[PDB]
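Alright, two takes on the same chain below, each alone as structure tokens: structure 1 and structure 2.
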Structure 1
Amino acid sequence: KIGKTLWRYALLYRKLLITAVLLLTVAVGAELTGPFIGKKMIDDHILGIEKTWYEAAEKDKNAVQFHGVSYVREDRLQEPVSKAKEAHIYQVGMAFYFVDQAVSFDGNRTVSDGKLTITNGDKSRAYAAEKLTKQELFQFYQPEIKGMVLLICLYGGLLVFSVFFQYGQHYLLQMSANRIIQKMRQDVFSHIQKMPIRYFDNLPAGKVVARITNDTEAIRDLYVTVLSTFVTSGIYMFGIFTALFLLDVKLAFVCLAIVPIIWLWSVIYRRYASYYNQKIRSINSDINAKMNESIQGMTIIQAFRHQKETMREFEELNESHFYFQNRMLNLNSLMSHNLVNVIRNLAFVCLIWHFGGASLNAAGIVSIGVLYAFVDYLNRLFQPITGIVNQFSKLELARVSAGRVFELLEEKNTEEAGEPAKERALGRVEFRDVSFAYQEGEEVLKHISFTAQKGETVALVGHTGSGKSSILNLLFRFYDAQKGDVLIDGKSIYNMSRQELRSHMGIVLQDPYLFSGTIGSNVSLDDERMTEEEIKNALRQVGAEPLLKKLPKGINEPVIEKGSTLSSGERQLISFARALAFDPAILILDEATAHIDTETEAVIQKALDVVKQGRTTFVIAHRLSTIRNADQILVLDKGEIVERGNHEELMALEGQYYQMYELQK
């Protein structure tokens, strides 16, 4: 399952993520204690003036000195005093009136002509007032300046705590995400390494590269952005809701009832996004494969003037990719951060509804600080939901990509790989009624049977489709024979390990392949068991290339794929040296000299091959001269060995070999 596999990959790094979430919690603690400080400041400093007054300030925080006497209101007057029930200030419009008289009741603040006007409909002993305004005497809030400055400095201090912990959590999250991606990519490459050749044979090369690189990059984006934002948003929401429940429970309940809303939006987005994104990723893999094929074969795309028809084919994937992308506009325009604002304007409506309903009963004004804190927390709560929804889009895309990737790491047709080789083995090789058929009934080989005897050279010369390369494919276990046996030193190669079997044999494959590096790095394939065997094993058949070269062989660099800057015949001498460089017990030559002039080939290669004749060889040859002295020549016709024997016994027979030999001279 995609979710279970992603979770297990996360569990591979369970300390970094736990530490990151703990650090982020420590940061969010201060980030959200801020507004609680604001509420405390508002409810005790700016609405403290409403308290009672009229003590002589015997001690504590001195007093306000309104007219000629000391005034302290509540907080620093809490020491045992005679507070009485007088000297209450009130606010009406922009005018602050000090009644300075025993106040009976309250509820409706109105002084008009210095009276008490109405008090919840009671009208209890209208009282004389006294206007103050702004500059008359505003030492009334003097005791609160110290508290405000202390709260400001407290939050300023908490900001640095937050900065340190935010750095820590961000760094840990990024490191964990990158480590997870590293592990996933390594696993993908290992699995591709243990894949049958059939998989690589009927699949475009660009499709495998697309799968691995592109889908792992999409999963990387997932882990490094989507999941990091998910964790941060979840912790922030967790903290904000915990704070909200500490202010009002019913309003907090209705505001928290939006989590089911987010779940439902996630489901509705996920359906359509999954379908359209699976289509989009399939089309993108097709695009990558087409790009690879076009670039690889560009030489004869232009020669045969296939550019317009090649542009037509590519534009049909580009147009289809665009079309399936434009089906995202409806979803991504109706379910983007847009809707979050609609929730923002609808969550504030509940705030106003609740607080107004409480106010009509003279209960919603009990704590304006609570309202301030609840507005700040709503703003904070709606800050991260935008990131949540953006990551919701990215998450659907990456879910599709991960589903694509894990369809590769599950494949149960893989092949066990016992890497270790063993000591040198005698070149004895045998076939026993080996019938092999590509794709079921189509048989390419029928009852093949032959044997080498530890030093003999087996020619195996036939016609252009007989199946001479299929024998090599069976011998190298690229393909498993469907009938018969193949044995090396009397043990079935199917009781071996493919690496163990292939360690015995060195092959000059048809269609030579060079790697991007140096020439000496191709003769060696970057193997430490080399020393200076490069020049010695290239001195054979390569004694004119490393001389004209501006660099001395191991420094001059081929380029991508087969060395584009090498002649087709020079790329086959490097493959021949590579095969000889890896000293094999059995040497397979699959038309190793098809692109090499007959002088170089015949003289040099044969002269320096006969000397090392204490070694079994297989020489798939269309040049019958290079196999004239083969100790046993086999004639393959329609996937069947029809004639056997050395050159003399095959010419005396006057058969297919005789015909070909007489024709080639």
Structure 2
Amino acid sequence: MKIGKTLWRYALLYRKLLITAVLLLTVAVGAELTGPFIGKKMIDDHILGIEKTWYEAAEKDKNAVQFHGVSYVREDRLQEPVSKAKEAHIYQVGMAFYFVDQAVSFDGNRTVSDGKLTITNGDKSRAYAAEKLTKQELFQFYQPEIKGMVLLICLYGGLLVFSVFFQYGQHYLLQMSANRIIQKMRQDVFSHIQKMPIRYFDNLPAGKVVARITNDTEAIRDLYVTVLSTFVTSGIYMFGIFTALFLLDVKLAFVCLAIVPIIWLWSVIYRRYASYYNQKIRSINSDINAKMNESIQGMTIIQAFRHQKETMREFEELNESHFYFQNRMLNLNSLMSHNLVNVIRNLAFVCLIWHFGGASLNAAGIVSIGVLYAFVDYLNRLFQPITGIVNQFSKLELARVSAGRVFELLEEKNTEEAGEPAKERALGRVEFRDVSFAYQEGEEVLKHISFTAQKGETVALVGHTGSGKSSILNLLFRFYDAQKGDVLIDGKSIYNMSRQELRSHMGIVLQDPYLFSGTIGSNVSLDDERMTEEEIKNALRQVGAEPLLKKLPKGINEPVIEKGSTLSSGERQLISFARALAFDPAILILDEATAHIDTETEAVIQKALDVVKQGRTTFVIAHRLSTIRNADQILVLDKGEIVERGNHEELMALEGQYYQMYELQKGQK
């Protein structure tokens, strides 16, 4: 079982904290359980203890109370004679205590004395005698009980105060362990998502991956705090009740053990349903997040084209499904809850009455009624713990579903290994050999790609829209593996090298620039390598971004909002271009870098490039043929195939697609 056998491992990792929490919980539960029994002992020995026999003894008994000139002694405080003189009972009829100095009595039945206390239990009611004890004589009788209570209440006070720390420690440790486990879960999931291929990200909304990391981990915390605490407490309580039951009866506590199967069965019936709904709920949650991320990131278009009504309608379907499935869990949580356990309790009472009712015909149980008060009290105490655990099934099932959804991601078979950045700078020899590629099965987007780039050269890729140039870039970076053919950096195939090394051999300017949160210098430097401010400023000046700096107060320290919303697209492209140029890559790849950048800044960028392009291989994918006019070799792609290649003069000398495109770009004048 992946779900059950996996949550155990995370608990096992932090076994010290959880074991300590369990021990503190056990001690606190033991103390709390004991308390009321100390109270009961105090009661029965100090305030109700003036009722048992008071043997008529003389003085010098280490304890005695004067009463009408004769000092008596309690039953237990007495030393060890046998039947010293007689039994002088005490009885409290109404609200006043009456002394029985005449003789012994039997099982008492309180009745007004009128000078003769009538104990009407059966027929033996002799109406012995009575003497009101006033108030001072009663206080004299009770003084040693004052001593006992004062020396026993402080015991309860101590047990109470010294048990305050244990509750806090138990709860704090449980929550600390839960938070640590959630932290580990999130870190592992993020590492795995870092280990997954790009295909996973391209066809999966970004809101469905954030949900599995944050939303689906918050719901597992309860499994370690509330559920574990309640289960431990109820287990201890029921162990106490059952061991207590077994001592005073057999064959009547064995039947009570039948509660254990039922609860298990109950769980089995609950789970089967609580599973199906929970999954759906969780699923819909992810969708909502996606809808909250897809819509927010594209709100400008939604408002510009007046798509608010449809978007709200699209969102409302998910909300309605979530609400409906939550309601379906309402029925299950209503049928199997406090209600059902209270149903069983009444059923248990009815069974007890019917069994003993069929035995009370001969008055069998009344003679053996010593097992009725205790049995009923224990049965009533039994169901208080049970109601505690049955309420934890919902949380347990939700946590199980969330954990399963996290683990199915954490156990994905498809995965790409990792390495370390390059150790020796590459010469810059990039070669494509007979490369055939297909994003989708049976559809070759590149067919027999063959070319070679030498160090210190500039290979330019040209072609109509959709030709497959960015696909060549993807294959070079190994975002997508090829299907037939090879790609070689120097003489080494890119498939025998670690992806990190290959990607460290080159720095790229992607077609659509992306800017992270932070300062402009952070984006240019990505917070790695040697982020000397002078070097970053030099790169920015090389790209021609200097005006942007003097149009900002803090320069390279100017904050950048998410996605750089407060920067023009051209400025974002310049920042990404400077980021690419700041790493001093062995191989520089430009993917339509100057698309949103004017011609003046483009010329400045070209001038900066030319200065240091004598020892660095460069790949240029440009729809502006001016930038690649002086390039070592241009390649023209058509439907994913290279049809023409060579220097610019060679391309023009043979007419063709490049000739037509250059003439169209050139002034028709």
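By rigid core we mean the largest C-alpha set that fits within 1.5 Å across both forms. Counting starts at 1 and follows the sequence of structure 1.
- Of the residues listed here (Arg305, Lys549, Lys491, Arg424), only one shifts its CA by 2 angstroms or more between structure 1 and structure 2 after fitting on the rigid core, and it is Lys549.
- Relative to the superposed core, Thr626 shifts its CA atom by less than 2 Å between structure 1 and structure 2.
- In the core-superposed comparison between structure 1 and structure 2, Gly369 has its Cα shifted by at least 2 Å.
- After superposition on the rigid core, the Cα atom of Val635 is displaced by less than 2 Å between structure 1 and structure 2.
- Core superposition places the Cα of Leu475 0.3 Å apart between structure 1 and structure 2.
- Superposed on the rigid core, the forms differ at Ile604: its CA is offset by 3.7 Å between structure 1 and structure 2.
- The two forms, fitted on their core, place the C-alpha of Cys350 8.2 Å apart, compared between structure 1 and structure 2.
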